[PDB]
Amino acid sequence: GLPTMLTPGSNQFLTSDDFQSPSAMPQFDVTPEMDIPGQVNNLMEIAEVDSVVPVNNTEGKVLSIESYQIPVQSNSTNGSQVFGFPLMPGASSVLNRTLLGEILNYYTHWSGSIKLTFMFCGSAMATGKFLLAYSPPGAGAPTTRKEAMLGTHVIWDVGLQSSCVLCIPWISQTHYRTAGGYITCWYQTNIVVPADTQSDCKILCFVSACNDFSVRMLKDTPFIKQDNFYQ
Amino acid sequence: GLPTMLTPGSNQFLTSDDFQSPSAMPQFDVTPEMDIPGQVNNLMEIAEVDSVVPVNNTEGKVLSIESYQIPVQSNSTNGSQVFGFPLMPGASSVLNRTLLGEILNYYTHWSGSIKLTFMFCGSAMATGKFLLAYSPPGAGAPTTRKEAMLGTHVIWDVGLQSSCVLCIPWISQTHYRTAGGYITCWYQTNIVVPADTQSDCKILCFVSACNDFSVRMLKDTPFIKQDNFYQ
Amino acid sequence: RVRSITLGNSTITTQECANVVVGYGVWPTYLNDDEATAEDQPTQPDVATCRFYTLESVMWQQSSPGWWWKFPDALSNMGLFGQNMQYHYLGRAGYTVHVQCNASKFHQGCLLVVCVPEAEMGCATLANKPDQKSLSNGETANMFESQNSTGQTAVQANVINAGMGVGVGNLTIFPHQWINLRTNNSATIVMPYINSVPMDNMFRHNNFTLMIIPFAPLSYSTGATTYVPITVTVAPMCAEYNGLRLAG
Amino acid sequence: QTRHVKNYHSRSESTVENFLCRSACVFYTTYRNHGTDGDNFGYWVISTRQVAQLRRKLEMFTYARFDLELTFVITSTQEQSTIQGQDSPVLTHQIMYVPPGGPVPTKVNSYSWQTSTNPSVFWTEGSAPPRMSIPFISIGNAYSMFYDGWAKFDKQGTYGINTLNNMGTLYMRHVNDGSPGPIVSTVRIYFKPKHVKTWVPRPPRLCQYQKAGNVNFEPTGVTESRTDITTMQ
Amino acid sequence: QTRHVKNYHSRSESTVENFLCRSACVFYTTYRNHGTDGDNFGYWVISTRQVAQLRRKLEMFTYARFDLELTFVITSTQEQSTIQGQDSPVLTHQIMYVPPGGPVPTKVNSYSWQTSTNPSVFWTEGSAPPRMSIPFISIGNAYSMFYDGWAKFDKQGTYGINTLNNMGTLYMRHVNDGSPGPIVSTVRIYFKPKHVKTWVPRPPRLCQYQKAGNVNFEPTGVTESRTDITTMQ
């Protein structure tokens, strides 16, 4: 026959190989594909979907729905911080378990722009101003409302619009396995209401992926454990 | 399938083989190349660069900067030799550790033309003449200034030009693992100065590769040793 | 004649027909967007930093070994560009290095003015790493030694190895310029930004160092000045920093 | 670690194909050359819900459609015994794929081994590992990773389960004993989905899995807790 | 020796590709089939700074960009013991490449062995030596052979080091013990850079290397000494 040499790497099983395999059941007619709605070709499609951020991770709240609810005090000190979390979608526990965070925790390297949406869930008659401050990586979290105003920020007027959208340009991953940027909110004004409401207003946070994320090295997620067989 | 014969040499590992290897990490997107300045494609590019020659290899000088400095005596005997070394870029210790010598010591066979540049580093007011004499291989080193004048030589006038360039046509290697040519300098005149300087003048030597070197058989350099593991 | 060069509020004078060594043949340039890349890594240039910075002159003497500066660190306290290093996380810039030498026709000596990229230096103690102070003193020159240095965390500053474990005479492989007092007194090296990444933190990493090593020792006639000033003038080129504004 | 680098917007392996077409070890069992009562054989019902990582990755979708590329790594070791002078010839193994609804072996010498409609591969040790591919074998249009229904409505324990996700069962045994001594072989089945289509994406599983055939879970916090909502010092 | 011959100006193998794309032995380790505490496995962090010849050749440049073509020469020898009648079947070895930032095995039976994102090659003895290729795995644009900086500025011992030159770690172990007797295997990893790009050439190292992770050096003379500067007799 044709003279050949087997070459190093023959008769080896590399698990990450793309060799054709013999069909165990040839001459069997598989059922044709039927058009199921919701076909997904890429995990970024799930990543790009808004997911509610549990900003209120204080002790005793992660087991209840009010971990997603940012409390807004009616009688609060002027210029105080409403909320603030490190801007690490994969490391910080605030953004870690969201859809974008779950997608990112499947890959070693990633970089892109996140989209943060804050929705005010008070009464339509309520009026107030918030100062959403973005700190670039390495800058550090601002300590006063004035330092926040002197940096990148938006004045979120509750009376005019009940939702605010922020796109953060420099995200990236931070480790193979601080100094990542911060997003903070401040009381520019207080929340003004016509009548006396016993309960305080709440703010809902949403994180999402913009079209510019890459993911490069798939790995095992750190949020599932299997230490023994099921049988 | 197709009938084949394995042929002698199959299932062997020849370290000097150019067979394609299976990628351990396919479907991983490597970072694109970015234009770093100083890209090098050939070791001759390093070889062709001027390198300071330590001509003054006398005992006690190789550990100081003054091994590269050729001393020029103000009150020296007429017709004496300033310096002289065998013209072996790979064997003689004068040219051995220079850039050209280091490149050549990585290859068993080489041949070409070296370029020697002598720079006089005295005062701008200093004036003198030197006789750079080239002896072909097998001729032997001249013993007087007259024998040097009767051979290949250049009269290096310090007053006119402070640098002299010599291209040597017949270099080649000398061994697999004298009779190679010589370059010598002689005091045609003395160094003349306007005022009294306590320190003597110095001459700096530079060696370089011309575009005509070949190197044919790569080997291990003899200037690095590893007799035990680091761990 | 003589050419005067002005950058911002700084002016220097250089002789015409003076050779300029342009790095590895590459003039410093700004980073280029790759096919209209997204605003995920915004870049911010600064043209106010493109000015000459003049370090304090180093006194070249008869028994004087070399000097060196690490210019990301050597300009870290020079007003602007130092404030820019402090304020911005990622930085990128090239430099024009002017090395002047004030000597008369009665002075001797030769200098190797070389800019060594990624000049990682060893320690005097083998099982140690040199400290920040020994490696780079900022605007103050760090001096080479005529013998082996001693110190727990000191740089091995013996001039023969240039602190890198190589031959000092082979330092000409890097962008360099010889200063022979009988022929030259100036050296101009234009160093492009050289790194393995487009931008990097500047406090944390030195792109290159400038070594001024006297190969031929300084000499002079009786009555002439026993020392010779060596002035280093630096103009940062094409300084880029990470954009601080919000992407949207 | 992992300093800031340029973003090249590589979506290449974020696709479902590169996300799921990874060869993962899903099962390993041992069987002896000699058996007490003809039970010296290994078996594995093909399921994607035993390994918690592959299960989570697949359950990030509602419906899937893929091929079953199975690779078997059979290694035999000789156990300690007083039998001397064994000199075992080379060992041959039989790996049977029982299609959904096919005959099921009961012992090591059952008639279901020597059938005709169950694909079987005979592999002798010392060669490349055996490899067989199973197509999309369901009579439905996709594999349902979740099923909000019952196999039989009048049965409590049939919730979920479905009946169209059956991918068959694998059976492994020694063709020859080789020597009159103890030999035990491990199969170490490697699973790799091929030509994957997925529909209706789902949130990733948050609570640790309890059973392979259940979605039952102990309630867990949505994320880890932190001391303060504000980043104040 | 080597008489004067004609100069044909062959620059062919003076190129960086032919200068560096040479297969060199960079590591060799031994591991037993049976282990005292599950530590019977070999490992090597992929570094180019352990062999002083390849290190010098690579450090003649500042930045490099190459692929890692690794060839493993596994040979097993049977140690002397009182166990009789071993009759070991053929031995299979597992070589795992842990990518930068991947799970690290601690013992011979750790979960990191049976992972999914670490490329593993299973090679049975008696065949051609196993071979895997690692691409340019850095997130930077090149491998920096020198680094005049710190991994962390506020740390003394982080000078050099960098964080982008991590090429991963190799792990070697026995898939099967074969026989109930002592068997020790040597791996003898062979390294070969591929598709090499190099920038910013540097002077060759003059002082002998002291540590694999350092540039520290004992000062040495620029060259050997000679009796006289002049060639006089």
# chains A, B, ... in the order shown; residues from 1 in each chain; ligands from 1

call {"tool": "residues_around", "arguments": {"residues": "residue 201 in chain E", "least_positions_apart": "3", "cutoff": "8 Å", "atoms": "only C-alpha atoms", "output": "list in words"}}
result
residues 38, 40 and 46 of chain B; 173 and 174 of chain C; 60, 61, 62 and 198 of chain E

call {"tool": "write_last_selection", "arguments": {"atoms": "N, CA and C atoms", "output": "mmCIF file, in the first residue's frame"}}
result
data_model
loop_
_atom_site.group_PDB
_atom_site.id
_atom_site.type_symbol
_atom_site.label_atom_id
_atom_site.label_comp_id
_atom_site.auth_asym_id
_atom_site.auth_seq_id
_atom_site.Cartn_x
_atom_site.Cartn_y
_atom_site.Cartn_z
ATOM 1 N N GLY B 38 12.102 47.761 16.832
ATOM 2 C CA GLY B 38 13.298 46.973 17.033
ATOM 3 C C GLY B 38 13.168 45.509 16.693
ATOM 4 N N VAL B 40 13.822 42.073 15.144
ATOM 5 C CA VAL B 40 15.043 41.461 14.639
ATOM 6 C C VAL B 40 14.684 40.137 13.980
ATOM 7 N N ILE B 46 22.637 41.912 14.884
ATOM 8 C CA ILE B 46 23.403 42.164 16.100
ATOM 9 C C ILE B 46 24.895 42.085 15.813
ATOM 10 N N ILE C 173 24.517 47.900 21.304
ATOM 11 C CA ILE C 173 23.401 47.266 20.610
ATOM 12 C C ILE C 173 22.113 48.053 20.820
ATOM 13 N N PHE C 174 22.037 48.828 21.897
ATOM 14 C CA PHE C 174 20.888 49.673 22.174
ATOM 15 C C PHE C 174 21.057 51.038 21.512
ATOM 16 N N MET E 60 18.979 36.966 24.707
ATOM 17 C CA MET E 60 19.580 37.864 23.727
ATOM 18 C C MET E 60 18.557 38.787 23.070
ATOM 19 N N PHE E 61 17.284 38.701 23.458
ATOM 20 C CA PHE E 61 16.231 39.582 22.980
ATOM 21 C C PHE E 61 15.407 40.057 24.170
ATOM 22 N N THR E 62 14.703 41.171 23.981
ATOM 23 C CA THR E 62 13.899 41.739 25.059
ATOM 24 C C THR E 62 12.478 41.188 25.068
ATOM 25 N N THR E 198 10.904 38.184 17.585
ATOM 26 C CA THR E 198 11.743 38.788 18.610
ATOM 27 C C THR E 198 11.954 40.269 18.319
#

call {"tool": "residues_around", "arguments": {"residues": "range 171-174 of chain A", "least_positions_apart": "2", "cutoff": "7 Å", "atoms": "only C-alpha atoms", "output": "MDAnalysis selection string"}}
result
(chainID A and resid 109:113 168:169) or (chainID D and resid 1:2 4)

call {"tool": "select_by_dssp", "arguments": {"residues": "range 32-148 of chain C", "states": "helix (DSSP H, G or I)", "output": "list in words"}}
result
residues 71, 72, 73, 74, 82, 83, 84, 85, 86, 87, 132, 133, 134 and 135 of chain C

call {"tool": "residues_around", "arguments": {"residues": "residue 35 in chain B", "least_positions_apart": "2", "cutoff": "10 Å", "atoms": "only C-alpha atoms", "output": "PyMOL selection string"}}
result
(chain B and resi 32-33+37-39) or (chain C and resi 194-196+198) or (chain E and resi 141+199)

call {"tool": "atom_distance", "arguments": {"atom1": "CA of residue 191 in chain D", "atom2": "CA of residue 121 in chain D"}}
result
16.4 Å

call {"tool": "closest_atom_pairs", "arguments": {"of": "chain D", "to": "chain A", "cutoff": "6 Å", "atoms": "only C-alpha atoms", "output": "CSV"}}
result
residue,atom,partner,partner_atom,distance
D:1,CA,A:175,CA,4.9
D:2,CA,A:175,CA,5.2
D:7,CA,A:111,CA,5.9
D:9,CA,A:214,CA,4.5
D:10,CA,A:214,CA,4.7
D:11,CA,A:214,CA,5.5
D:14,CA,A:43,CA,5.5
D:15,CA,A:42,CA,4.0
D:16,CA,A:42,CA,5.4
D:23,CA,A:15,CA,5.7
D:52,CA,A:226,CA,5.9
D:119,CA,A:24,CA,5.6
D:128,CA,A:11,CA,4.4
D:132,CA,A:24,CA,5.3
D:133,CA,A:23,CA,4.5
D:134,CA,A:24,CA,5.6
D:141,CA,A:33,CA,5.7
D:198,CA,A:40,CA,5.8
D:199,CA,A:39,CA,4.1
D:200,CA,A:38,CA,4.6
D:221,CA,A:63,CA,4.5
D:222,CA,A:62,CA,5.6
D:224,CA,A:93,CA,5.7
D:225,CA,A:57,CA,4.7
D:226,CA,A:58,CA,5.3
D:227,CA,A:58,CA,5.5
D:228,CA,A:58,CA,5.8
D:229,CA,A:83,CA,5.5
D:230,CA,A:83,CA,4.5
D:231,CA,A:84,CA,5.2

call {"tool": "residues_around", "arguments": {"residues": "residue 114 in chain C", "least_positions_apart": "2", "cutoff": "7 Å", "atoms": "only C-alpha atoms", "output": "list in words"}}
result
residues 112, 116, 174, 175, 176, 177, 210, 211 and 212 of chain C

call {"tool": "closest_residue", "arguments": {"among": "E:176, E:112, E:158, E:163", "to": "chain C", "atoms": "only C-alpha atoms"}}
result
E:158

call {"tool": "closest_atom_pairs", "arguments": {"of": "chain C", "to": "chain A", "cutoff": "8 Å", "atoms": "only C-alpha atoms", "output": "tab-separated table"}}
result
residue	atom	partner	partner_atom	distance
C:38	CA	A:212	CA	7.0
C:39	CA	A:169	CA	6.2
C:40	CA	A:169	CA	4.3
C:41	CA	A:170	CA	5.9
C:42	CA	A:169	CA	7.5
C:87	CA	A:139	CA	8.0
C:89	CA	A:138	CA	6.3
C:244	CA	A:136	CA	6.4
C:245	CA	A:152	CA	6.1
C:246	CA	A:152	CA	6.2
C:247	CA	A:169	CA	4.8
C:248	CA	A:167	CA	4.9

call {"tool": "write_last_selection", "arguments": {"atoms": "C-alpha atoms", "output": "mmCIF file, in the first residue's frame"}}
result
data_model
loop_
_atom_site.group_PDB
_atom_site.id
_atom_site.type_symbol
_atom_site.label_atom_id
_atom_site.label_comp_id
_atom_site.auth_asym_id
_atom_site.auth_seq_id
_atom_site.Cartn_x
_atom_site.Cartn_y
_atom_site.Cartn_z
ATOM 1 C CA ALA C 38 -15.326 50.588 20.492
ATOM 2 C CA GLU C 39 -15.068 53.091 23.350
ATOM 3 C CA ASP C 40 -14.108 50.405 25.855
ATOM 4 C CA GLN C 41 -10.518 51.672 26.264
ATOM 5 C CA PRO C 42 -10.663 55.441 25.667
ATOM 6 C CA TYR C 87 -3.518 60.887 38.215
ATOM 7 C CA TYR C 89 -3.477 54.587 35.912
ATOM 8 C CA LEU C 244 -11.307 59.408 32.547
ATOM 9 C CA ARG C 245 -14.726 60.366 31.140
ATOM 10 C CA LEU C 246 -17.722 58.053 31.172
ATOM 11 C CA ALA C 247 -18.130 55.963 28.023
ATOM 12 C CA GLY C 248 -21.824 56.867 27.890
#

call {"tool": "atom_distance", "arguments": {"atom1": "CA of residue 151 in chain E", "atom2": "CA of residue 205 in chain C"}}
result
8.8 Å

call {"tool": "interface_residues", "arguments": {"of": "chain E", "to": "chain D", "cutoff": "6 Å", "atoms": "only C-alpha atoms", "output": "PyMOL selection string"}}
result
chain E and resi 116+178-179

call {"tool": "interface_residues", "arguments": {"of": "chain E", "to": "chain C", "cutoff": "10 Å", "atoms": "only C-alpha atoms", "output": "PyMOL selection string"}}
result
chain E and resi 62-65+139-160+162+164+199-211+214-223

call {"tool": "select_by_dssp", "arguments": {"residues": "range 162-197 of chain A", "states": "strand (DSSP E)", "output": "ChimeraX atom specification"}}
result
/A:163-168,182-187
